[PDB]
Each structure stands twice: as C-alpha cells, then as structure tokens.
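This report refers to the structure that appears directly beneath it.
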Amino acid sequence: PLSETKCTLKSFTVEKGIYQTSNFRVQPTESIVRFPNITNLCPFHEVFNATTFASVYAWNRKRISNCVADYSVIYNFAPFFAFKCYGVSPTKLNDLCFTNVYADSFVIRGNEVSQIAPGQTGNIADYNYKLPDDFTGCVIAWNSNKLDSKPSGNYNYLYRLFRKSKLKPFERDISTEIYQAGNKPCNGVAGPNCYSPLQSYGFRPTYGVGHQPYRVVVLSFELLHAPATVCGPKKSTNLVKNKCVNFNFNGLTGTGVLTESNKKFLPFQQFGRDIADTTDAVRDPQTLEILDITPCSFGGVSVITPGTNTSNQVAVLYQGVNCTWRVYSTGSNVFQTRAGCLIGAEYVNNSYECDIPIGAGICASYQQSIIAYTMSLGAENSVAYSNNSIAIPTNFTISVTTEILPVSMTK
Amino acid sequence: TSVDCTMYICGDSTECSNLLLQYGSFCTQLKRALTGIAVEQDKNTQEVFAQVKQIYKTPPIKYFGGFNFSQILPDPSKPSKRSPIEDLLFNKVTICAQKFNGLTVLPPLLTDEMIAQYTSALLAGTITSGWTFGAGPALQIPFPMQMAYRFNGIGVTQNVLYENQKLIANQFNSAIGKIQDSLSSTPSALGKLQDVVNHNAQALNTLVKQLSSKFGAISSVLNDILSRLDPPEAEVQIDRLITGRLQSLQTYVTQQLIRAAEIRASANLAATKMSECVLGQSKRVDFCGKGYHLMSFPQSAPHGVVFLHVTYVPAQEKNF
Amino acid sequence: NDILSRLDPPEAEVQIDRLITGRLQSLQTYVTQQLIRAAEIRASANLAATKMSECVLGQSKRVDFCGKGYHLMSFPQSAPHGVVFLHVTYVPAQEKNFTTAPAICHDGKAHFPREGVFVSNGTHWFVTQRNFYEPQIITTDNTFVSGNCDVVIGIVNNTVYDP
Amino acid sequence: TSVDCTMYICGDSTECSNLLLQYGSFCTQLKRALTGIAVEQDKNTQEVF
C-alpha cells in the first residue's frame with residue numbers, strides 16, 4: 001500500500017498523514033436462479049404455421065396465457081425477412097420472463113412490410129391501422145408465396161384504407177364503414193361520391209418482389225411487473241445462507257447476502273421495498289418463505305505511514321468493516337477500533353501526544369514500529385485550593401509568538 | 001461525510017466505469033473536496049475546546065462561600081463523566097440504508113468523553129484559579145476573592161460583595177435552579193442545533209432518492225438496461241443518466257461547501273467567545289450576553305456548544 | 001482542428017456540440033470554487049486587517065486576540081501573499097502561595113484594599129497588586145474604610161499606621 | 001426573491017410539465033433554498049435594529 005499511495009499521489013515521496021484508496025468490495029461466490037416448477041409446452045405453431053391467415057383489416061390479436069416457450073419454436077422458419085426488433089435485442093429474448101405478450105398476425109404485401117415500423121405514415125400507417133410508437137414488442141415477417149398465393153388470384157382479402165376519422169393505437173374497427181364525403185349527403189346510394197374503403201389485393205405467383213404474400217406476427221408487451229407469464233427453461237438451484245451471492249428471481253436480479261424472515265407481510269404481498277426505494281425483501285417463487293436481501297458490505301481502505309525519508313513500515317485501516325471477518329488474509333496484529341478495523345500496527349496501554357489522527361481518539365506514531373494509542377489530553381495537573389491562600393508570582397518573562405495570516409491569492 | 005464516485009454512479013458494471021473514465025477527471029476533485037471539508041471540519045474543535053494544554057480536576061471539598069455548582073460539575077456517581085446539564089443537552093437532542101449505497105459518514109476524531117474532560121478542565125480552571133490560567137500557570141484564588149475583583153472590573157467597590165454575598169449566593173443558586181426548568185420547559189431553545197442535523201439529513205435523503213429518476217432513460221435501473229439492449233445503442237441512455245447523477249453530485253457538494261462556510265464562521269466566533277467570555281471578563285457590551293457581563297460557563301452539546309452567561313442588571317432606582 | 005478536417009459540417013453539430021458544454025461546466029466548477037476560496041480568504045483578510053488595526057495601533061487588552069496571555073505590543077511583517085505578526089506578550093514564571101484576608105479590623109472598623117491583594121508572611125501583614133509581590137506597609141492612604149467588623153467574613157484583627 | 005418551479009421552465013403547456021417531472025425532485029430544494037434566503041434575510045434586520 002505504500003506503492004499504491006505513491007500511485008495515487010503521483011509522486012515518489014510522501015511525508016505523513018492519512019490518505020485514501022479504493023474499497024474492499026467483496027465478490028459474490030456464485031449466482032442463484034429460481035424458477036417455478038410449472039413448465040409446460042406453450043403453443044406457438046398455431047400462429048406460425050397454419051392455413052391461410054386473414055388480411056391486414058382483420059387482426060387475430062391473441063392473448064397467450066401462462067406457459068413456457070423459448071426461441072426454438074420461433075426458429076423453425078428460415079425465410080424470416082423482417083428480423084428487425086425494438087425494446088430487446090433479438091439475441092436475448094431468452095431467460096427473461098415477460099408479463100403480457102400481445103401476438104397479432106396478419107398477411108401483407110412485400111412493400112407493406114417496411115410500413116410496420118413505428119413513427120411513420122404509409123398504406124398501413126394511415127386510417128387502416130394506428131399503432132403505439134413506443135413499441136416494446138417486435139415484428140417478425142416471413143414470405144408465404146408458396147401457400148398464401150393462389151393460381152386464381154386472392155381477391156378476397158381487403159383493407160380499410162379510406163376510413164374517415166382518425167384511429168387511435170390498439171383499437172378495433174370492423175364494421176360496414178359507409179363513406180359520406182364531399183359537399184353532399186352521399187347516403188351510400190347516390191353515385192357521385194360512393195367510394196369503397198375496401199379494395200382487393202391480387203395474388204398470382206408471377207409478380208415482382210414487392211407484391212408477395214407475407215405472414216407478419218407482431219408482439220407488444222411491457223416489463224417491470226411482479227407476475228411472470230412465459231420464458232425459456234432454466235434449471236432452478238437452491239438458495240444459500242450468509243454468503244455473498246448473485247440472485248435472479250424471475251426477472252429482476254441482485255447481489256448480496258440473504259437472511260431469514262422477521263416480519264409478517266400479507267398473503268399476496270411479496271416485495272419489500274424500503275424507504276430508500278430499494279428491493280430488500282422477497283419471497284421464494286417456489287415456496288412461501290420470506291427472505292431479506294442485504295447487499296455485501298463495502299470496504300473503504302485508508303493507509304497510514306511515517307516519512308518515506310524516515311521508514312517504509314506502513315499500516316492500513318478498513319472503515320466500518322468488522323474483523324473481530326472476511327478480510328482475506330491477516331497480518332501481525334488486528335485491532336478493532338470503533339472507527340474500524342486496523343492492521344499493520346500494534347496497540348499499547350500507554351499515552352503519547354498525537355501526530356496523525358485516525359478516528360475516535362486513536363492516533364498512530366512511529367517508535368522501528370508503528371504504534372496505535374488512545375488520545376493523550378496533555379499533562380495531568382491539579383492545583384490545591386484553600387479558603388485563605390493566594391498564588392502570587394514574583395518573576396516573569398516576555399515572549400514573542402508568530403501568527404501567519406493569508407491576505408490575497410493570485411489574480 | 002464521504003462519497004464513492006464509482007459506487008454511486010455505477011454498480012458492479014465494468015462498462016459504466018468505462019464510460020466514467022472517458023470523463024475521468026471529475027470525481028478526483030470530488031474526493032479532494034470531501035477530504036478538504038473533512039479536514040476543515042474536524043480541525044474546528046481544537047481551537048474551540050483545547051485552548052488550554054493543562055488539564056485540571058476539581059478539589060473534593062467545596063467551601064465556595066455558600067455557592068452551589070453541582071449542576072455544572074460532572075457527577076462521579078453518574079456512569080458518564082458529565083454534568084446533569086450535559087445529560088439534558090444530550091437526551092434533548094436526537095441510516096443503514098443510507099450507508100449501503102456508498103454514502104459513508106466518518107466518526108469525529110474527538111468523541112464525547114474527552115471533550116467532556118476539556119469542559120470539566122475549563123470549569124476547574126475558571127472556578128479555583130480565576131482567569132489567570134489562560135495566560136501561564138494556574139494561580140489558585142478563592143472564589144469570593146475573585147468575584148470582588150470581577151465587580152471591580154465593572155466599576156463596583158468590593159465592599160458590596162462582602163456586604164451582600166449571602167444574597168448573591170441565594171440569587172445565583174436560585175437562578176441556576178431556574179435554568180434547568182427553563183431549558184426543560186420548551187424544545188424551541190434547542191432549535192439552533194436540530195437545524196444543522198436535519199438539514200444534513202434531508203440533503204443526504206434527497207441525494208439518495210435521486211437514483212430512481214427517469215433521466216431520459218427507459219428505466220432508472222442499470223442492470224436491466226444491460227439485459228435489455230446491445231452495447232452500441234443505449235450508451236445514449238447510459239450517459240444521460242451519468243450526467244444527471246454527476247450534476248446532482250455537483251449541486252450537493254456545492255451546497256456542502258456553502259454550508260461549511262458559515263459553520264466555520266460560527267465556530268470561529270464561538271472560539272472568540274471562548275477566549276473572551278470565559279478566559280477573561282470582557283467589557284464589550286452585549287458581546288458576552290446581555291448587559292454588564294460578569295462571567296460565563298461553557299457546556300458541550302451534540303455538535304455544538306452552549307454558554308451560561310452570568311451578567312448584571314439593576315433592579316430598583318430613584319431620582320435625585 | 002482535426003474534427004473539422006474529419007466531418008462534413010452538417011454532422012459537425014451532431015458531433016462537436018457537447019464538449020463545448022462539458023468545458024463550460026468544468027469552467028463553471030472552477031469559477032464556483034474560486035468564489036468559495038475568494039470568500040474564505042476575504043474573511044481571512046478582514047480578520048488580518050482587524051488584527052492589524054488592534055494589535056499594532058493600540059494595546060488591545062482583549063485576551064488571546066493579540067497573542068498568548070497578557071498582550072503588550074506587536075510587530076507586523078510582510079510575506080509573499082501574506083502577513084506575519086510577532087506578538088510580544090507577558091507571562092509569569094515563578095510563584096509562591098501566601099495567606100490572605102479580604103479586610104482588616106482596626107479600632108473596631110474594617111479596612112478594604114483600594115487596589116491589591118492582602119498577603120502575609122506569617123508574622124507581618126502586607127498588600128501587593130494582583131501580578132507581582134511587592135510588600136507595602138498597611139497605611140490608611142494605602143486602603144480605605146467602609147463599616148465595621150461584623151458583616152465581613154475572613155477579616156482579621158491587625159494594626160494600621162497613621163503618618 | 002422567489003421563482004416558480006414550473007411556469008419559468010415551461011409555459012402554459014401540459015406536456016412540458018409532463019416532461020419536467022422526470023427530474024422531479026430538482027426544484028424542490030431550489031424553492032426551499034429561496035424561502036430560506038428570504039427568511040434569514042428578513043431575520044437579519046432584527047439583531048441590527
């Protein structure tokens with residue numbers, strides 16, 4: 001630590017006094033992941049591979065209940081074209097559990113695939129469809145020219161481009177949708193301005209690249225919610241006691257040591273957020289056991305030394321850390337001042353005048369050895385007191401003393 | 001107090017420290033500022049208290065002309081070596097989760113025991129030796145011998161004391177008896193030290209609650225962002241949270257350097273009054289209390305000092 | 001210089017925008033620290049000017065304000081960005097413990113010191129001042145009379161001399 | 001002097017105040033400090049007058 005002091009103070013000589021360095025910061029031993037034992041096969045093939053799906057005007061917005069799925073079911077389709085995703089990068093949609101996945105499937109053209117991106121306007125992003133622009137979910141598209149396309153032409157599929165008023169994100173609009181525009185009442189039967197909001201597509205397999213049928217599934221969800229709905233398989237492991245450890249409890253993680261229950265809770269109340277708005281108490285995903293999280297203790301390392309011109313025997317102190325404990329290896333002597341742990345120095349019952357302060361009336365000095373001692377207030381003195389005695393001085397001295405006062409610093 | 005710049009800004013994440021080091025040259029100044037305010041603050045107490053390098057003790061027998069001082073001298077039968085006035089000042093004046101975010105507090109170099117010993121030695125010097133002990137060796141003087149000279153310092157002939165010392169003793173004993181119930185009657189008189197304590201406390205609390213802030217980020221948590229996004233993107237979310245936290249540090253330590261300034265001035269003024277109202281009989285009017293000043297008693301307090309000024313006011317007058 | 005040689009100026013303000021801000025906050029921190037240190041050294045200069053006015057231009061009889069103990073006189077001296085004071089003060093060295101009394105009985109009346117402390121070697125009685133031991137003979141012009149020998153405690157029967 | 005938190009930073013628009021609340025706990029200590037400076041500044045006349 002003398003060399004660390006030289007490193008910190010960017011000089012080769014240090015004269016005296018207390019200094020600062022980094023902390024202990026003990027490392028976690030292992031990591032604990034806990035999952036509930038309810039692990040089934042979650043059906044995703046019914047939205048991926050099936051018969052000819054509906055057009056974009058009809059949404060099969062599917063609520064996927066509590067299940068267990070991974071990306072292996074999704075991975076079955078090589079012709080994935082629009083692999084672009086938002087919110088979570090596509091390499092890590094595994095081993096994290098959502099709360100409400102929103103799956104909606106439709107069939108669109110090749111050039112309409114790029115229109116599903118948020119914050120833009122297009123054939124789909126017009127009155128036909130409005131979507132939330134934050135879009136924590138993703139879009140997955142794959143070509144289906146060998147199944148959806150028909151030799152006779154797929155003219156049955158429609159889309160409601162020409163609806164009058166605006167759409168809001170995540171709304172359902174399927175009705176007759178009569179068109180009443182112009183400076184005349186159309187009544188749906190006039191003839192001048194009886195425009196049709198629904199138009200056909202046309203699918204024959206001799207086209208360009210931008211007119212091919214594409215299956216698109218869109219997912220919309222959010223995070224930071226206590227229940228978990230669906231995520232990949234992970235072998236749960238047992239917890240540990242009184243050990244610095246990482247933990248992952250179905251989503252949110254942390255690092256610290258664990259303690260048994262001391263409080264009552266409430267039988268749907270499982271989180272333990274404190275006045276500091278930090279998680280410190282939680283219950284097991286598999287059992288009804290309250291456990292308390294307290295993070296592993298920090299250090300705070302300081303160094304004490306005499307003059308480099310004098311000697312090189314140094315000592316270090318750890319603020320707040322009890323030793324009596326988790327300080328790796330020891331040295332010649334360990335002391336347990338209320339300021340903190342101290343090693344590299346000895347202790348005496350004597351009292352001498354302090355040269356460098358440490359804390360709580362403790363000071364370390366140099367004898368060939370570094371000695372830590374309690375505060376010496378000065379020479380102990382008492383004066384006799386009597387009802388009829390006066391001390392009167394006869395000889396005296398004059399003394400000169402110095403005082404140094406700053407006046408101004410450099411302009 | 002002391003802060004760790006790495007632990008407050010970032011958790012156990014290497015990449016956050018990597019984006020901290022490209023700033024690099026900020027929290028070293030934070031370190032030097034907190035060490036500077038620490039060495040400035042703990043050095044205040046010696047010139048307030050250790051003005052004498054000769055610790056004294058009280059005589060066992062008190063023939064103090066009928067005076068009583070049992071309320072201010074420390075009681076040996078008390079488990080602590082403090083006066084009952086010190087006990088009232090202690091119990092009339094009133095964390096781990098705050099510590100556990102890299103927010104450390106440092107214990108003072110001086111604890112209560114030896115500053116109580118300093119106050120007891122100061123009382124021993126000012127009772128049995130008068131005020132000459134602030135110059136050289138302590139010269140023992142009887143107390144009614146000293147009060148006559150203190151009257152002579154305020155233009156009073158010493159015959160007045162030797163005529164009315166019984167009434168002086170009764171008045172002073174009654175006043176000391178009154179001052180205990182005066183201090184214990186209301187806690188509004190102790191508001192001059194609760195303000196510093198709770199001002200430090202709420203400043204630390206508004207510092208530590210600043211972590212849960214949506215500083216242009218998807219989430220205020222650092223770990224879930226790492227599990228959320230790729231390392232090229234979301235650096236634009238990390239760095240804004242870095243800036244919003246370091247500006248909070250800047251506003252905190254600027255306010256701390258502001259608040260240390262008047263604390264140093266008040267400590268200097270208290271040391272000046274330690275010099276004047278205790279070690280001498282200053283004729284500066286209203287500087288040592290109200291009216292013509294006789295003498296003062298110092299008593300320690302949590303992070304503070306309190307002075308009992310005994311002064312002099314006339315009661316009955318006539319026209320001539 | 002290199003970043004203007006590196007980037008098309010439409011994306012310069014995309015790139016060279018924030019280091020200007022960072023230098024601005026760094027210099028703001030420097031300015032704030034300069035104000036703090038300037039206020040501290042301004043208070044120090046006020047204290048130095050006050051002690052220059054007190055300790056030098058007069059015999060300031062405040063204790064510890066102009067040195068240690070009873071202050072006599074002072075020497076000001078310059079220093080690079082500073083001032084240094086040489087205080088010449090008084091301090092007693094040797095002392096003796098003597099027997100006292102607040103008043104003197106003589107002919108049934110009480111004698112009080114006009115100025116000084118009553119002391120005795122054991123056989124005779126004398127008076128001094130509060131800092132030196134010079135025994136003076138108790139004479140009616142060295143003291144004064146107010147009252148008699150009942151209200152005052154510690155009084156001793158003795159003699160006084162009339163010139 | 002005193003300064004209002006919301007109306008100075010943002011005009012008569014709701015969404016600027018919505019975008020204001022992300023920092024949230026920043027102008028509270030500013031208002032507390034201005035009331036402080038006001039209260040000891042009004043206090044300063046008592047011990048001198």
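As shown in the structure tokens, the chain order sets the letters A, B, ...; within each chain, residues go from 1, and ligands are also counted from 1 in the order they appear.
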Exercise. Counting only C-alpha atoms, which residues from chain B have an atom at most 9 Å from any atom of chain D, and could you show them as a list in words?
Worked result: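 Residues passing the distance filter: residues 203, 206, 209, 210, 213, 214, 215, 216, 244 and 248 of chain B.
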Using the selection just defined, write its residues with N, CA, C and O atoms as a short mmCIF file (atom, residue, chain, number, x, y, z; two decimals), in the first residue's frame.
```
data_model
loop_
_atom_site.label_atom_id
_atom_site.label_comp_id
_atom_site.auth_asym_id
_atom_site.auth_seq_id
_atom_site.Cartn_x
_atom_site.Cartn_y
_atom_site.Cartn_z
N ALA B 203 -30.73 16.66 3.05
CA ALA B 203 -29.87 16.78 1.88
C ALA B 203 -29.34 15.42 1.45
O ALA B 203 -29.32 15.09 0.26
N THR B 206 -32.39 13.54 -0.10
CA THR B 206 -32.70 13.96 -1.46
C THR B 206 -31.57 13.64 -2.42
O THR B 206 -31.80 13.60 -3.64
N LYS B 209 -32.37 9.57 -2.93
CA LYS B 209 -33.58 9.28 -3.69
C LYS B 209 -33.48 9.75 -5.14
O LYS B 209 -34.44 9.58 -5.90
N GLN B 210 -32.35 10.34 -5.53
CA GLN B 210 -32.19 10.82 -6.90
C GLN B 210 -31.87 9.69 -7.87
O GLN B 210 -31.92 9.90 -9.08
N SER B 213 -34.82 7.95 -10.93
CA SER B 213 -35.18 9.09 -11.76
C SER B 213 -35.14 8.69 -13.22
O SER B 213 -34.20 8.02 -13.66
N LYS B 214 -36.16 9.10 -13.97
CA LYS B 214 -36.29 8.74 -15.38
C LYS B 214 -35.50 9.72 -16.25
O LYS B 214 -36.06 10.44 -17.08
N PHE B 215 -34.19 9.74 -16.06
CA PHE B 215 -33.35 10.75 -16.72
C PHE B 215 -33.19 10.47 -18.21
O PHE B 215 -32.10 10.15 -18.67
N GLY B 216 -34.28 10.60 -18.96
CA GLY B 216 -34.26 10.32 -20.39
C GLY B 216 -34.05 8.86 -20.74
O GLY B 216 -33.75 8.55 -21.89
N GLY B 244 -26.85 13.29 -15.40
CA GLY B 244 -27.86 13.69 -14.44
C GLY B 244 -27.51 13.34 -13.01
O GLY B 244 -28.00 13.99 -12.08
N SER B 248 -26.13 16.10 -10.00
CA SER B 248 -26.67 16.03 -8.64
C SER B 248 -25.55 16.05 -7.61
O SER B 248 -25.67 16.71 -6.57
#
```
For this session: Give me the residues within 7 Å of range 9-22 of chain A as an MDAnalysis selection string, counting only C-alpha atoms and dropping any in the same chain fewer than 6 places off.
Result: chainID A and resid 300:308 356
For this session: Considering only C-alpha atoms, return as a VMD selection string whatever protein or nucleic-acid residues lie within 9 Å of range 57-74 of chain C, sequence-local ones (same chain, fewer than 5 positions apart) excluded.
Result: (chain A and resid 399 to 403) or (chain B and resid 132 to 136 272 275 to 276 279 to 280 282) or (chain C and resid 51 to 52 85 to 91)
Exercise. If you run DSSP on this backbone, which residues of chain D come out as helix (DSSP H, G or I), and could you give them as a list in words?
Worked result: residues 6, 7, 8, 9, 14, 15, 16, 17, 18, 19, 20, 27, 28, 29, 30, 31, 32, 33, 34, 35, 36, 37, 38, 39, 40, 41, 42 and 43 of chain D
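For the atom pair formed by CA of residue 258 in chain B and CA of residue 37 in chain C, the distance is 10.8 Å, given to one decimal.
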For this session: Fewer than 5 positions away in the same chain doesn't count, so skip those; otherwise give me all residues within 9 Å of range 285-295 of chain B, counting only C-alpha atoms, as a ChimeraX atom specification.
Result: /B:147,150-151,153-154,273,276-280,308-313
For this session: Using only C-alpha atoms, find the residues of chain C whose closest atom to chain B is at most 10 Å away, then write them as a PyMOL selection string.
Result: chain C and resi 22+25-26+29+32-33+36-37+39-40+43+61-65+67-71+89-97+100-103+110-117+130-131+145-147+150-154
Residues of chain A at most 8 Å from chain B: nearest atom pair and distance in Å, only C-alpha atoms, as a Markdown table:
```
| residue | atom | partner | partner_atom | distance |
| --- | --- | --- | --- | --- |
| A:87 | CA | B:228 | CA | 7.0 |
| A:88 | CA | B:228 | CA | 5.0 |
| A:89 | CA | B:229 | CA | 5.5 |
| A:92 | CA | B:227 | CA | 7.6 |
| A:252 | CA | B:224 | CA | 7.4 |
| A:253 | CA | B:223 | CA | 7.9 |
| A:276 | CA | B:209 | CA | 6.6 |
| A:277 | CA | B:209 | CA | 7.5 |
| A:295 | CA | B:100 | CA | 7.5 |
| A:297 | CA | B:100 | CA | 7.6 |
| A:298 | CA | B:102 | CA | 7.6 |
| A:339 | CA | B:107 | CA | 6.4 |
| A:357 | CA | B:109 | CA | 6.8 |
| A:358 | CA | B:109 | CA | 6.9 |
| A:359 | CA | B:109 | CA | 4.4 |
| A:360 | CA | B:109 | CA | 4.8 |
| A:361 | CA | B:109 | CA | 5.4 |
| A:362 | CA | B:109 | CA | 7.6 |
| A:377 | CA | B:55 | CA | 7.2 |
| A:378 | CA | B:53 | CA | 6.0 |
| A:379 | CA | B:54 | CA | 5.9 |
| A:380 | CA | B:55 | CA | 5.5 |
| A:381 | CA | B:56 | CA | 5.1 |
| A:382 | CA | B:56 | CA | 5.3 |
| A:383 | CA | B:140 | CA | 6.9 |
| A:384 | CA | B:59 | CA | 7.2 |
| A:385 | CA | B:140 | CA | 6.4 |
| A:386 | CA | B:142 | CA | 6.8 |
| A:387 | CA | B:142 | CA | 5.7 |
| A:388 | CA | B:142 | CA | 7.0 |
| A:389 | CA | B:141 | CA | 6.8 |
| A:390 | CA | B:141 | CA | 5.3 |
| A:391 | CA | B:139 | CA | 5.2 |
| A:392 | CA | B:139 | CA | 7.2 |
```
For this session: For residue 152 in chain A, please output as a list in words all residues within 12 Å (counting only C-alpha atoms; exclusion window: fewer than 4 positions along the same chain).
Result: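 Using only C-alpha atoms, the neighbours found are residues 148, 156, 202, 203, 204, 205 and 206 of chain A.
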Would you mind exporting the chosen residues as an mmCIF file, in the first residue's frame, restricted to N, CA, C and O atoms?
```cif
data_model
loop_
_atom_site.group_PDB
_atom_site.id
_atom_site.type_symbol
_atom_site.label_atom_id
_atom_site.label_comp_id
_atom_site.auth_asym_id
_atom_site.auth_seq_id
_atom_site.Cartn_x
_atom_site.Cartn_y
_atom_site.Cartn_z
ATOM 1 N N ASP A 148 -49.924 -18.962 -49.458
ATOM 2 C CA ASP A 148 -51.000 -17.979 -49.495
ATOM 3 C C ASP A 148 -51.410 -17.616 -50.916
ATOM 4 O O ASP A 148 -52.585 -17.314 -51.155
ATOM 5 N N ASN A 156 -60.062 -11.915 -52.407
ATOM 6 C CA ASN A 156 -60.986 -11.856 -51.278
ATOM 7 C C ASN A 156 -60.443 -10.979 -50.156
ATOM 8 O O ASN A 156 -61.217 -10.393 -49.390
ATOM 9 N N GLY A 202 -54.961 -9.097 -54.986
ATOM 10 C CA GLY A 202 -54.402 -9.707 -56.176
ATOM 11 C C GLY A 202 -53.149 -10.501 -55.865
ATOM 12 O O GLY A 202 -52.104 -9.916 -55.567
ATOM 13 N N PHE A 203 -53.231 -11.830 -55.933
ATOM 14 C CA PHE A 203 -52.084 -12.692 -55.644
ATOM 15 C C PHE A 203 -52.037 -13.823 -56.666
ATOM 16 O O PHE A 203 -52.759 -14.814 -56.537
ATOM 17 N N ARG A 204 -51.183 -13.666 -57.674
ATOM 18 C CA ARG A 204 -50.804 -14.715 -58.604
ATOM 19 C C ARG A 204 -49.286 -14.830 -58.593
ATOM 20 O O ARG A 204 -48.591 -13.809 -58.509
ATOM 21 N N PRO A 205 -48.736 -16.046 -58.673
ATOM 22 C CA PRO A 205 -47.290 -16.196 -58.461
ATOM 23 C C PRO A 205 -46.435 -15.932 -59.692
ATOM 24 O O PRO A 205 -45.476 -16.668 -59.941
ATOM 25 N N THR A 206 -46.758 -14.873 -60.468
ATOM 26 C CA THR A 206 -45.827 -14.274 -61.435
ATOM 27 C C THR A 206 -45.923 -12.759 -61.250
ATOM 28 O O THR A 206 -46.568 -12.062 -62.037
#
```
For this session: Would you kindly return, as a VMD selection string, each protein, DNA or RNA residue with an atom no farther than 9 Å from any atom of range 191-198 of chain B, considering only C-alpha atoms and excluding same-chain residues fewer than 6 positions away?
Result: chain B and resid 93 to 94 301 to 304
Selection to disk with N, CA, C and O atoms, as a PDB file, in the first residue's frame:
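After the write, selection23.pdb holds the following:
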```
ATOM      1  N   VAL B  93     -31.513  16.221  22.548  1.00  0.00           N
ATOM      2  CA  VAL B  93     -31.119  16.273  21.145  1.00  0.00           C
ATOM      3  C   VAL B  93     -31.119  14.848  20.611  1.00  0.00           C
ATOM      4  O   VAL B  93     -30.441  13.971  21.159  1.00  0.00           O
ATOM      5  N   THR B  94     -31.880  14.616  19.547  1.00  0.00           N
ATOM      6  CA  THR B  94     -31.959  13.292  18.944  1.00  0.00           C
ATOM      7  C   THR B  94     -30.998  13.172  17.767  1.00  0.00           C
ATOM      8  O   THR B  94     -31.386  12.753  16.678  1.00  0.00           O
ATOM      9  N   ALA B 301     -22.317  20.123  23.825  1.00  0.00           N
ATOM     10  CA  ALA B 301     -23.599  19.701  23.286  1.00  0.00           C
ATOM     11  C   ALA B 301     -23.328  18.918  22.013  1.00  0.00           C
ATOM     12  O   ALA B 301     -22.253  19.066  21.417  1.00  0.00           O
ATOM     13  N   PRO B 302     -24.272  18.050  21.584  1.00  0.00           N
ATOM     14  CA  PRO B 302     -24.083  17.332  20.316  1.00  0.00           C
ATOM     15  C   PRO B 302     -23.865  18.268  19.141  1.00  0.00           C
ATOM     16  O   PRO B 302     -24.765  19.018  18.748  1.00  0.00           O
ATOM     17  N   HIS B 303     -22.636  18.233  18.618  1.00  0.00           N
ATOM     18  CA  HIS B 303     -22.166  19.088  17.526  1.00  0.00           C
ATOM     19  C   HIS B 303     -22.265  20.573  17.865  1.00  0.00           C
ATOM     20  O   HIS B 303     -22.406  21.408  16.969  1.00  0.00           O
ATOM     21  N   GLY B 304     -22.173  20.937  19.144  1.00  0.00           N
ATOM     22  CA  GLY B 304     -22.332  22.342  19.464  1.00  0.00           C
ATOM     23  C   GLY B 304     -21.873  22.691  20.862  1.00  0.00           C
ATOM     24  O   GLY B 304     -21.461  21.833  21.646  1.00  0.00           O
TER      25      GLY B 304
END
```
Problem set entry | Point-to-point distance from CA of residue 161 in chain C to CA of residue 106 in chain C, Å rounded to tenths |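 Distance between the two atoms: 10.0 Å.
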Exercise. Neighbours of range 33-36 of chain D within 12 Å (only C-alpha atoms; same-chain residues fewer than 3 positions away dropped), as a ChimeraX atom specification?
Worked result: /B:195,199,203,255,258-259 /D:1-5,26-30,39-43
For this session: Between CA of residue 169 in chain A and CA of residue 68 in chain A, measure the distance and give it in Å to one decimal.
Result: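 Computed distance, CA of residue 169 in chain A to CA of residue 68 in chain A, equals 28.6 Å.
You can rank B:317, B:67, B:183, B:245 by their closest distance to residue 5 in chain B using only C-alpha atoms, and at the top of that list sits B:245.
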